[PDB]
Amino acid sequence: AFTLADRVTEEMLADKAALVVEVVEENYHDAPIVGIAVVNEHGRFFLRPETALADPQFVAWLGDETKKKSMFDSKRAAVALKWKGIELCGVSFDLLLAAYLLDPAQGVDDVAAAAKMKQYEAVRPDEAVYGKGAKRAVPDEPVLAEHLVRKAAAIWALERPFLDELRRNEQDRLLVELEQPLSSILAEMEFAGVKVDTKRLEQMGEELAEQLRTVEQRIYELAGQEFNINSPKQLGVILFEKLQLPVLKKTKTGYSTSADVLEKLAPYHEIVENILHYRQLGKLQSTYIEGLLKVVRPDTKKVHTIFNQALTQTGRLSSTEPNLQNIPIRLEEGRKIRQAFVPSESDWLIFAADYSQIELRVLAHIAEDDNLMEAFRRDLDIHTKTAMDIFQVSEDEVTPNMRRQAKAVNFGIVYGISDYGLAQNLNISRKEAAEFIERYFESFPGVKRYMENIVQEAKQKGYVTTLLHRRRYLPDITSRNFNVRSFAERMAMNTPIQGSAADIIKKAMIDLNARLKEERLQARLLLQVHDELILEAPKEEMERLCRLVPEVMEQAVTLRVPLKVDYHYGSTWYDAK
């Protein structure tokens, strides 16, 4: 049982508590707080938010760093409280992050899933209480209050066994000194938001909508008929039945119309290039023009992404609503989308700094490959150097195509090399791709040793680890199905690389946030895109940031090879190039 409290009392403000500040809306930016639960040595309390969040003593308790709180997904509460002008401090245990570190593959997304890991089931899943999708609703106060108190009581009960296992895993510091501080930095980034030049976005959509109608009309002529070009089904009928184009790849229901397939068909018919062009144009229009405009706040013209810190199997962040980690950059036409991301104050600028080849640098370090490490110590172009080695030529004799093929091998090596997936990438045979890989491993025998050893370790221990002791369990490493076992071996190879690079940029972010405060700079972190950080800052801070940000990022850890950071700034994200 529990107290359904009319008033905040002093015994609710003990210096250690499990705290529930319930935000049911999936997107928590400026969202309602539907209820509060406090469990401490003195009892269990449910508070209505309109009462508690107006009580100065409760608010002061929330903001007191010395009053320690155990929570689940504290960034959600912190951000929702930021939008009410209320500061949340003292969060010393985040059960979501603790569960994520212990085993990211559980998909732990609510208190009940984490509690099940320790045989605790006296709490319902959020989806049972709130329902799903259309039927999603906040239940009446008695049902609501019991749920929130059960969650807090679960958090209260679960802190000790989770911290105990984290210690056994040598992951206690990972939680307390990396993920939990990073959660506060992400809350600040999300709350700040990124300012969007919506008028520029709208005028892009207007010229895109002109060009879409042009290509669209040309497509119907060359097809001799109108059809929904966006349907892979109808399009496959125009292409592979009406126009008789060769079927180079079947899907499961019909024929593949992926861009890769369409590349090969363009010589046979003028329609294919137009469908390609229609597809690129339509991708920008629907996902990056219309998509972005839908999530801009009309008052501030900012987008406030949500960084999912407890989701990827490797330790990377993900970004939602909008995803700001996949804004186009490769093709110029899509890169112009970044012109719409602008500083949020006048006479400020966008500063962007990115690690140069952090994954291959991490690989050099963990493999202790003499050749690969020397290449980075010489700051060589790694793709050209790999081509020189694989194809046994001097630098002068590396052709553009050789470099392109060596680059693809370098990507495969990072992702988990296999004869078949490189062959696919390079449009070559499997025996040919196997010869490339064999020649890579002859040139980098330390990388070969590392790939063999880490697979054997994943089989022996049941998991692989990263630099800062993140882990990923790989039960499929022992499967007797070749496809399933191979994916697990590739994950054994890739996760220490991708995950270690994630560890490093997360530590950089923490170190950078500390340095910016020490230096009293107004510069603020806005975004992280896996190996780059995006800031905005007064124009008068650029020269100091040119020195400060790359140094903090490069010194975040010490590897057997240097870390190298490139950096640029400009009046928009596009210009920060």
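In case it trips you up, residue 1 is the first one in the sequence shown, and so on.
Remark: stretch with higher mean C-alpha B factor among 63-71 and 42-50 is 42-50.
Look at the mean CA B-factor for 362-370 and for 198-206 in the entry; the higher one is 198-206. Per the PDB entry, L235 shows the highest C-alpha temperature factor of the residues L175, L467, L235, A352. The PDB entry gives the largest Cα B-factor of the residues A77, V414, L265, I306 to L265. Looking at the C-alpha B-factors along this chain, the one for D103 belongs to the middle third. Residue-level temperature factors show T9 in the highest third of its chain, judged at the C-alpha atom. In this PDB entry, the Cα temperature factor of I155 sits in the bottom third of its chain's modelled residues, the lowest group.
Split the chain's modelled residues into thirds by C-alpha temperature factor. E532 is in the middle one.
Among all modelled residues in this chain, the alpha-carbon of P298 has a temperature factor (C-alpha) in the middle third.
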